[PDB]
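Worksheet for the structure shown next.
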Amino acid sequence: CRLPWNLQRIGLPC
Amino acid sequence: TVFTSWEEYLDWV
Amino acid sequence: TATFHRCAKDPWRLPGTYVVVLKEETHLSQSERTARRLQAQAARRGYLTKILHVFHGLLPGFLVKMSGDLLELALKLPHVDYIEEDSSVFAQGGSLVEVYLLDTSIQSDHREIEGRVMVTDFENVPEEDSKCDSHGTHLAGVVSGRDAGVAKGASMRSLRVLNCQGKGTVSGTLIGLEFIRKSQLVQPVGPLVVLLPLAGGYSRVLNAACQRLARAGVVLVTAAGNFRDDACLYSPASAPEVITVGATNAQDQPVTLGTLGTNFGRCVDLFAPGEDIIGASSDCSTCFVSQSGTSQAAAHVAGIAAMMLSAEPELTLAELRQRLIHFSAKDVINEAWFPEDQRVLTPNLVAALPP
Ligand SMILES: [Ca+2]
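Protein chains in written order, with the deposited numbering: chain Y, 1 to 14; chain Z, 1 to 13; chain A, 61 to 152, 176 to 212, 221 to 446.
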């Protein structure tokens, strides 16, 4: 699970 | 910085 | 009585080109007769006029390249509501929803957005005074990209309204928004999310068009602007029935872009990630780059709104806006970055998908 900060912040599942 | 692949970006960040 | 309007930001003005806006229920034949009346009365006074385009779909009107000396006379024509002088604009799940991108040229063969984006034949850019496709590719990447995309399953339709220097016109965007409306009437589809990652000075006509398109059931998402100013002084950001997006960084702080940064005020609806946004780089087919601005912020909201509408297609524009607000992270942004009086007016909301 290496998700970019922006995708993490908006709540996208990795 | 421009990364030629998605994997390149992942080793950097 | 008819009124004349021109961009308050003097460098952004484009004299000699005018948008003649007519009264709401004016027919195409009436508009065409009015442009010919203007051409005949001008020639009678020894003036050379060229009708560049006649608007129909959103606003009854026409575009005319002529001398200002004719404005007092043009204001006397029948059906005329107002006349606006052309000005410059600058670059700043989801399956059953189509995303329209009014921006620069895009690199559709990029391994991130290959298949997802349909490059329309539409092109309306002012002349310049890889890097030419740079802006549009990244935003197409943020919206639906294979690896770094928000709404991976969403399909896009791209329109060119910004040149290699990332510059467009009010009229260019007007013709663009009119084209979307016509495409929808000719071949209707489902929910539509129109992204406008551009901004100029407050424009009566650009706002009026954004209001008609919104009233027609189309979702319009725009950038707040990168001028560290009140978003109500910029168009399309100031158009009330639109989703105006400001940018924030990883540390829940508004984005600073040199001496400037994100816009604010009562016109901004919410904020979204805008500093260090990884996406498609037009340099090579597999290339990635980190960009910033209220464009990247709007692109996240365009992705969220696509996913939300794909899941609930019957939603009204007012209902979707409530969903965007309801699911947003509340009271996280450092109010102390904005001017003292703007704090109470600026909504402390950061866009987020439902859990
Ligand atoms: Ca609004």
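Note that the Cβ used here is the ideal one computed from N, Cα and C, for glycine as well.
Asked	Found
Have a look at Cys323(A), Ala388(A), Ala151(A), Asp204(A) and flag the residue whose alpha-carbon is nearest the alpha-carbon of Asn340(A).	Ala388(A)
Verify the contact flag: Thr385(A), CB atom, against every heavy atom of ligand 1, threshold strictly below 7 Å.	no
Check distances from the C-beta atoms of the stretch 348 to 381 of chain A to those of chain Y and list, in chain order, the residues that come in under 8 Å.	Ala363, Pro364, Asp367, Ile368, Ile369
Please say whether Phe150(A) and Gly257(A) have beta carbons closer to each other than 8 Å?	yes
Heavy atom of ligand 1 less than 7 Å from the Cβ of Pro331(A), yes or no?	yes
Judging by CA-CA distance, which residue of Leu268(A), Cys255(A), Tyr325(A) is the nearest neighbour of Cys301(A)?	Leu268(A)
Out of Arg414(A), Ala390(A), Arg412(A), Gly117(A), state which residue places its alpha-carbon closest to the alpha-carbon of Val277(A).	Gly117(A)
I'd like the list of long-range same chain contacts for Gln99(A), defined as Cβ closer than 8 Å, with 5 residues on each side in sequence excluded.	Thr109, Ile111
With a cut-off of 8 Å on the beta carbons, I'd call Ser221(A) and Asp374(A) a contact; round off their distance for me.	6 Å
Should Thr335(A) be counted as a contact of ligand 1 given a C-beta to heavy atom distance under 7 Å?	yes
Return the chain-ordered list of same chain residues with a C-beta closer than 6 Å to the C-beta of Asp321(A), the five sequence neighbours on each side being excluded.	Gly356
Expressed to the nearest angstrom, what Euclidean distance is found between the alpha-carbon atoms of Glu431(A) and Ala68(A)?	25 Å
According to a CB-to-CB cut-off of less than 7 Å, which residues of the stretch 431 to 442 of chain A neighbour chain Z?	none
Can you look up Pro345(A) in the DSSP assignment and give me helix, strand or coil?	strand
Which same chain residues, not among the five before or five after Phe270(A), have their C-beta less than 7 Å away from its C-beta?	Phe205, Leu250
If we require 4 or more residues per run, which alpha helix (DSSP H) segments fall completely within the stretch 352 to 431 of chain A?	385 to 402, 408 to 418
Could you work out which residues of chain Y lie near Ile395(A), taking near to mean beta carbons separated by less than 8 Å?	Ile10
Does DSSP put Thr1(Z) in a helix, a strand or coil?	coil
Return the residue from the list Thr353(A), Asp367(A), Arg93(A) that minimises the CA-CA distance to residue 218(A).	Shown without residue 218(A), the model has chain A running from 212 straight on to 221.
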